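K.L.:
Input: one structure, supplied below.
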Amino acid sequence: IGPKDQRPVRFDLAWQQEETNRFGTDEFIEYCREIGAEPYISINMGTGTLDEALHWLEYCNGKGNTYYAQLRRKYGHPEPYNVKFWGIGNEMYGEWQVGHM
Amino acid sequence: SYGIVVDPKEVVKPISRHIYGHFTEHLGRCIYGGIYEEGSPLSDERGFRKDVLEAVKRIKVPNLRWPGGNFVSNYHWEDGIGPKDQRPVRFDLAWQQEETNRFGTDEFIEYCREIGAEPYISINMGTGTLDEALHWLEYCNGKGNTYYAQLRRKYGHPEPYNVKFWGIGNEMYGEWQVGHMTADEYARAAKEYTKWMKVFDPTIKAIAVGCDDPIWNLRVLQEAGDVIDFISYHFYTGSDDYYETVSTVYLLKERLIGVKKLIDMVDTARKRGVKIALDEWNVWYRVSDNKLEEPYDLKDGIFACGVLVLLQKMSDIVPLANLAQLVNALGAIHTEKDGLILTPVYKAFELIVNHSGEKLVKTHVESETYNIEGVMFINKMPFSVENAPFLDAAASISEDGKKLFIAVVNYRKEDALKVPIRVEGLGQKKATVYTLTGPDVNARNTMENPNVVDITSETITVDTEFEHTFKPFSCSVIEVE
Amino acid sequence: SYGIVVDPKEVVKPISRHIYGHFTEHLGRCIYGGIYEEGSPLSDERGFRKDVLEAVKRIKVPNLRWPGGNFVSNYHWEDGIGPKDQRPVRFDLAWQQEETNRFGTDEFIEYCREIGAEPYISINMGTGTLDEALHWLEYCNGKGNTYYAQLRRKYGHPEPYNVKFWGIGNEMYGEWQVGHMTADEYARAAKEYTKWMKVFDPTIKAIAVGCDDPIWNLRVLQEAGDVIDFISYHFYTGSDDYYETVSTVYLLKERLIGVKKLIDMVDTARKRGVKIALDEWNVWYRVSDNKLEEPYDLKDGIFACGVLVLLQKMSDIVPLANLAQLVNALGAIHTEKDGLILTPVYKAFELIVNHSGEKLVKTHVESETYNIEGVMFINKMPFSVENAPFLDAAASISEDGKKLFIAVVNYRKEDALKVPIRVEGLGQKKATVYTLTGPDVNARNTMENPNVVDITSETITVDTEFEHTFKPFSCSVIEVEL
Ligand SMILES: O[C@@H]1[C@@H](O)[C@H](O)OC[C@H]1O
Ligand SMILES: O[C@@H]1[C@@H](O)[C@H](O)OC[C@H]1O
Ligand SMILES: O[C@@H]1[C@@H](O)[C@H](O)OC[C@H]1O
Ligand SMILES: O[C@@H]1[C@@H](O)[C@H](O)OC[C@H]1O
Ligand SMILES: O[C@@H]1[C@@H](O)[C@H](O)OC[C@H]1O
Ligand SMILES: O[C@@H]1[C@@H](O)[C@H](O)OC[C@H]1O
Ligand SMILES: O[C@@H]1[C@@H](O)[C@H](O)OC[C@H]1O
């Protein structure tokens with residue numbers, strides 16, 4: 001999130017590539033609005049934390065003055081996205097998944 | 001009753017160059033006041049003690065472990081990078097000191113490149129996270145455009161460091177360790193860190209933590225044996241008694257064979273060829289505090305030669321070992337503000353490392369043996385050894401094949417040994433014998449007298465059969481051809 | 001290249017007499033039709049096959065294991081005592097037969113006494129209880145007036161049997177065993193059974209169950225290491241390939257050192273001096289059934305010689321070993337109704353037990369070596385061995401110091417080996433070489449030709465230095481007067 005040119009390059013462990021992060025939450029939601037689809041976001045339970053998932057929800061759905069709701073407005077979207085579908089982890093049973101359980 | 005037969009034509013196996021490793025922890029005066037001292041008249045402008053640098057170069061360090069040891073288990077590596085004046089001061093839980101972080105990852109790597117050592121970094125599994133380890137690896141080894149590779153460039157090193165040896169936690173079994181873990185926790189955590197680190201850089205070698213508990217070692221091997229490359233073993237020994245100290249070379253030997261057998265009993269590990277890293281070893285029995293300035297005597301240096309000779313013979317099973325530690329803390333070198341002392345434990349490395357081949361040859365030793373019961377280490381654990389030899393040796397040859405080295409330890413406390421030696425198919429020649437010993441088993445070097453315990457040389461003439469007299473409590477290398 | 005140097009004055013260690021032990025389970029024709037056959041023209045008044053008895057006496061059995069083996073884990077020893085007519089017929093779940101119990105504890109002990117062997121009884125931990133094991137021990141060893149001591153006397157034996165070796169369970173890790181246990185279960189149970197059995201008789205040696213699972217071995221050693229005497233190990237090997245079979249002597253060697261190192265790592269066990277009981281071993285890879293009449297050939301007998309030589313050099317770690325088994329079932333001896341066959345596995349014992357000393361002396365061997373990858377056992381498990389020697393040897397001396405025995409295995413499949421041998425301080429004398437040999441690696445004895453594979457003797461001249469030409473796939477013992 002934030003100005004594209006400032007987004008960090010990460011090494012994605014799943015597919016072993018440099019992820020530029022130039023497509024991120026705001027681009028994802030914009031693409032959903034464009035095609036008329038409800039966004040369904042999966043969260044990271046491998047290297048992620050509860051705080052991190054709550055911050056993503058706040059950023060997407062917060063109606064108030066919390067840090068992440070304000071951050072969504074600062075980057076261009078005063079109205080909350082209202083993401084209705086949240087995926088609580090992905091394939092956490094498989095040994096191929098980072099931080100499997 | 002004593003004798004040595006060597007066949008230089010019969011190559012038993014290579015000798016891994018990494019048996020001569022060292023280790024520096026952020027502990028007391030090992031780093032700050034040891035290898036590194038900003039503003040010493042004895043330091044260069046990077047802060048590296050020049051006299052220490054020279055002493056370290058002379059022992060040709062093949063790899064150097066850093067930064068711990070108990071310290072790394074509460075160390076966040078990012079606190080140690082970037083402009084020094086902006087690095088935070090942290091309270092180190094292990095040794096209870098304010099750590100300034102002025103010696104950090106970039107300084108350690110400069111140190112390694114200076115001395116010609118491979119770096120060997122241990123990661124923080126106590127308060128650390130997988131992401132944090134991957135970042136460390138990315139910063140060090142990343143060749144691409146990831147945030148941490150670019151950060152390495154920004155701070156002045158565009159070329160990756162290529163750190164080859166990664167320590168997957170430190171002593172995670174011990175209640176003393178920050179964030180210590182059960183066997184099952186640590187075995188799963190070792191498998192998780194190693195496998196993902198290897199997805200980023202599959203050429204690294206991963207050392208997992210082992211110890212004396214066979215259940216612990218077995219869980220680690222069962223769970224991570226498909227991915228790790230070594231399991232580690234730490235060995236500290238010594239008492240005031242001469243024989244009690246030096247005989248524990250042969251206790252170490254039985255220990256290594258044990259871990260080796262545990263590896264054999266886990267198919268994935270055995271099939272992959274998982275080996276042992278003896279990545280902390282020394283005499284350690286006199287002091288117990290947060291400085292560990294153990295005053296090594298010649299007794300202790302004979303143990304050290306004994307170990308180095310043992311590793312020459314067993315490096316197929318143990319290809320990696322690191323004396324704990326290089327300077328001050330359990331130090332082979334002891335520094336003071338206006339100089340340094342080279343303890344007899346240093347001298348052991350000075351001898352063997354400068355007078356040893358890359359390949360072990362057939363060496364058969366006849367020796368009388370003794371049995372002993374004694375105590376070792378700071379808590380005076382009882383131990384016993386059966387049939388420790390008074391005489392041991394290992395013969396090695398140079399890679400080109402031009403040079404033969406026969407290392408000999410005479411452990412006998414009172415008596416010189418006159419030893420018949422045979423070396424198959426050797427002409428009459430002159431050879432040089434380098435010998436490390438001193439006036440008594442308790443002899444030390446000091447600032448005032450820095451050569452009480454030193455390596456002397458003597459020219460001798462040698463043939464298919466000859467004899468030589470090995471002084472008591474001595475280690476010698478007969479260098480031939 | 002090849003050489004042997006012996007110094008008969010440097011005694012390394014004693015050699016445990018119990019490395020040559022044997023084993024008879026209630027399995028197919030091992031007991032019934034093997035050592036025991038009531039009403040046969042070949043049997044005595046006790047039902048003991050007399051021809052089998054003579055062959056068994058010839059190999060000097062130091063101790064004999066009974067009754068199992070998988071059998072014992074559903075055996076109730078009380079079924080096998082008292083007047084034979086009143087012993088109940090039971091269904092043995094192990095081998096799926098009607099067991100008549102007509103051979104029971106009293107016959108087993110009579111058998112041992114007749115052949116001079118110490119009895120070694122395994123207890124039933126599968127459907128058995130502590131009380132039942134204590135009563136067996138009381139029946140065998142009680143000197144007082146307890147019910148079972150008296151019962152032994154009532155059934156015709158006033159003096160206690162003094163059984164010294166007691167097997168605390170049999171292969172309790174295996175899913176195939178009746179009442180099999182987890183490691184934690186068996187380790188607790190081994191401690192409980194052993195400790196109370198020793199309260200009744202503190203002189204007994206207890207053998208607890210080990211296997212290849214190192215966690216299993218450790219739990220047992222951790223829990224019962226303060227009371228047991230041995231942890232046991234079972235080793236079965238073999239394939240159709242010659243080298244693949246015999247090289248497993250040196251696989252066995254690494255297994256034993258492994259289990260020894262486990263013991264070293266458990267303080268109570270190490271301080272107590274717990275050792276290893278190799279209480280089942282043989283080639284076994286061709287037959288899988290209820291009878292296990294493995295047709296041993298010379299290749300398999302050379303394996304067996306290799307193990308006995310290995311056991312002479314390692315008996316301080318493995319003081320007790322038992323070939324599985326004596327008669328018919330994996331049998332050293334094979335019987336029929338009108339005779340017997342002595343297999344090359346039997347011949348290995350016949351050679352070594354008759355030509356071997358009580359003390360091992362310094363023996364240095366030079367040999368070429370090979371590496372091998374093979375399969376072993378009925379399921380053809382892959383294995384590998386590094387640097388197996390083509391030649392091995394162990395020298396021993398008699399108790400009195402009078403005779404020297406140099407046992408030599410030539411594993412080479414095709415070449416005889418002319419070996420130079422030095423014996424320190426040895427006069428120039430004549431000596432005898434006993435050699436186990438036969439025409440090819442697959443040779444067997446039969447009823448028709450009972451001596452195709454046999455032990456030859458030959459006179460030779462020896463001295464401080466001599467040579468001897470050792471046949472390929474053979475084992476020899478050079479016996480010298482000192
Ligand atoms: O280890 C160092 C110690 O010797 C010093 O006195 O306090 C700061 C520490 O970093
Ligand atoms: O930190 C300084 C040290 O480097 C020097 O050798 O002695 C004086 C101190 O001020
Ligand atoms: O190596 C260990 C050391 O780091 C700790 O502080 O004390 C116990 C030792 O075994
Ligand atoms: O590890 C063991 C040691 O602790 C003991 O003192 O004697 C034998 C070794 O195998
Ligand atoms: O008791 C059994 C007998 O009935 C069978 O026929 O052969 C041997 C045993 O397993
Ligand atoms: O010894 C074991 C045997 O008793 C069982 O029946 O099959 C597998 C073998 O390991
Ligand atoms: O037990 C191990 C075996 O299973 C393997 O095949 O090769 C090495 C041995 O030590």
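Each chain in the structure tokens gets a letter, A, B and so on, in the order shown; residues start at 1 in every chain, and ligands are counted from 1 in the order they appear.
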Around ligand 7, at most 10 Å away and counting only C-alpha atoms and all ligand atoms, which residues are there? Put them as a tab-separated table (two decimals) with C-alpha atoms, in the first residue's frame, please.
P.N.:
```tsv
chain	number	residue	atom	x	y	z
B	260	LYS	CA	27.81	-40.07	14.86
B	261	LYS	CA	25.95	-43.32	15.71
B	263	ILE	CA	22.93	-39.87	12.92
B	264	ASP	CA	23.35	-43.40	11.53
B	265	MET	CA	20.09	-44.40	13.23
B	266	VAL	CA	17.91	-41.87	11.37
B	267	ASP	CA	17.60	-42.83	7.69
B	270	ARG	CA	22.29	-40.87	7.45
B	271	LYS	CA	21.32	-40.97	3.77
C	212	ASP	CA	16.49	-50.66	15.74
C	248	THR	CA	26.40	-58.15	6.74
C	250	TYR	CA	30.13	-55.82	9.28
C	251	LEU	CA	26.62	-54.30	9.18
C	252	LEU	CA	25.87	-56.16	12.39
C	253	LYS	CA	29.07	-54.79	13.80
C	254	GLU	CA	27.93	-51.17	13.28
C	255	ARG	CA	24.45	-52.00	14.79
C	256	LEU	CA	26.05	-53.35	17.94
C	257	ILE	CA	28.34	-50.30	18.34
C	258	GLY	CA	25.30	-48.06	17.83
C	372	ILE	CA	28.80	-52.92	-1.04
C	373	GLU	CA	25.17	-51.96	-1.44
C	374	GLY	CA	22.75	-54.89	-1.08
C	375	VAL	CA	19.44	-56.26	0.18
C	376	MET	CA	18.89	-58.38	3.28
C	381	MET	CA	15.63	-54.09	2.83
C	382	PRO	CA	18.48	-52.17	1.17
C	383	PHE	CA	21.69	-51.70	3.11
C	384	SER	CA	25.26	-50.66	2.55
C	385	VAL	CA	28.55	-51.53	4.20
C	386	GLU	CA	31.77	-49.58	3.84
```
K.L.:
Counting only C-alpha atoms, which residues in chain A sit no more than 8 Å from chain B? For each one, give the nearest pair of atoms and the distance in Å, sorted by chain then residue number, as JSON lines.
P.N.:
```
{"residue": "A:8", "atom": "CA", "partner": "B:147", "partner_atom": "CA", "distance": 5.6}
{"residue": "A:9", "atom": "CA", "partner": "B:146", "partner_atom": "CA", "distance": 4.6}
{"residue": "A:10", "atom": "CA", "partner": "B:146", "partner_atom": "CA", "distance": 5.3}
{"residue": "A:11", "atom": "CA", "partner": "B:146", "partner_atom": "CA", "distance": 6.5}
{"residue": "A:13", "atom": "CA", "partner": "B:199", "partner_atom": "CA", "distance": 6.7}
{"residue": "A:16", "atom": "CA", "partner": "B:200", "partner_atom": "CA", "distance": 7.3}
{"residue": "A:18", "atom": "CA", "partner": "B:146", "partner_atom": "CA", "distance": 6.7}
{"residue": "A:47", "atom": "CA", "partner": "B:131", "partner_atom": "CA", "distance": 7.2}
{"residue": "A:98", "atom": "CA", "partner": "B:196", "partner_atom": "CA", "distance": 7.9}
{"residue": "A:99", "atom": "CA", "partner": "B:192", "partner_atom": "CA", "distance": 7.3}
```
K.L.:
Those residues you just picked out, can you put them in a file as an mmCIF file, in the first residue's frame with C-alpha atoms?
P.N.:
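Just written: selection.cif:
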```
data_model
loop_
_atom_site.group_PDB
_atom_site.id
_atom_site.type_symbol
_atom_site.label_atom_id
_atom_site.label_comp_id
_atom_site.auth_asym_id
_atom_site.auth_seq_id
_atom_site.Cartn_x
_atom_site.Cartn_y
_atom_site.Cartn_z
ATOM 1 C CA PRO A 8 9.550 -2.736 -0.819
ATOM 2 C CA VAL A 9 10.649 -5.635 -3.095
ATOM 3 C CA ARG A 10 10.183 -8.958 -1.189
ATOM 4 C CA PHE A 11 11.246 -12.448 -1.894
ATOM 5 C CA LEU A 13 8.897 -18.007 -0.482
ATOM 6 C CA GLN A 16 10.448 -17.983 -5.308
ATOM 7 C CA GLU A 18 10.859 -11.043 -6.357
ATOM 8 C CA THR A 47 4.360 -15.393 9.258
ATOM 9 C CA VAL A 98 5.018 -21.403 5.435
ATOM 10 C CA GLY A 99 4.344 -21.772 9.245
#
```
K.L.:
Within 12 Å of ligand 2, counting only C-alpha atoms and all ligand atoms: which residues, as a compact mmCIF listing (two decimals) with C-alpha atoms, in the first residue's frame?
P.N.:
```
# COMPACT_ATOMS: atom_id res chain seq x y z
CA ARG B 29 36.22 -8.41 26.11
CA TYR B 32 35.05 -4.75 22.50
CA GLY B 33 38.65 -4.67 23.81
CA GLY B 34 39.64 -7.84 21.93
CA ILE B 35 39.38 -7.86 18.17
CA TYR B 36 37.89 -4.44 18.09
CA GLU B 37 38.72 -1.29 20.03
CA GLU B 38 37.75 2.09 18.65
CA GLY B 39 40.41 4.63 19.61
CA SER B 40 43.18 2.25 20.70
CA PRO B 41 46.63 3.43 19.48
CA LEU B 42 46.95 -0.29 18.57
CA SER B 43 43.89 -0.23 16.28
CA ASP B 44 43.72 0.72 12.64
CA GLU B 45 41.12 3.29 11.60
CA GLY B 47 38.82 -0.10 14.97
CA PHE B 48 40.54 -3.45 14.42
CA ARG B 49 43.38 -4.17 16.85
CA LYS B 50 46.40 -4.49 14.53
CA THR B 335 44.55 -8.80 25.23
CA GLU B 336 45.47 -5.94 27.55
CA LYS B 337 45.27 -2.24 26.63
CA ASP B 338 48.98 -2.09 25.72
CA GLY B 339 49.50 -5.55 24.09
```
K.L.:
Using only C-alpha atoms, which residues sit within 10 Å of region 214-216 of chain B once same-chain residues fewer than 4 positions away are excluded, as a list in words?
P.N.:
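Listed by chain and then number, they are residues 173, 182, 183, 184, 186, 187, 209, 210, 220, 221, 258, 259 and 262 of chain B; 214, 215, 218, 219, 261, 262, 265 and 266 of chain C.
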K.L.:
Neighbours of ligand 4 within 7 Å, counting only C-alpha atoms and all ligand atoms, as number ranges by chain?
P.N.:
B: 251, 254-255, 382-385; C: 264-265
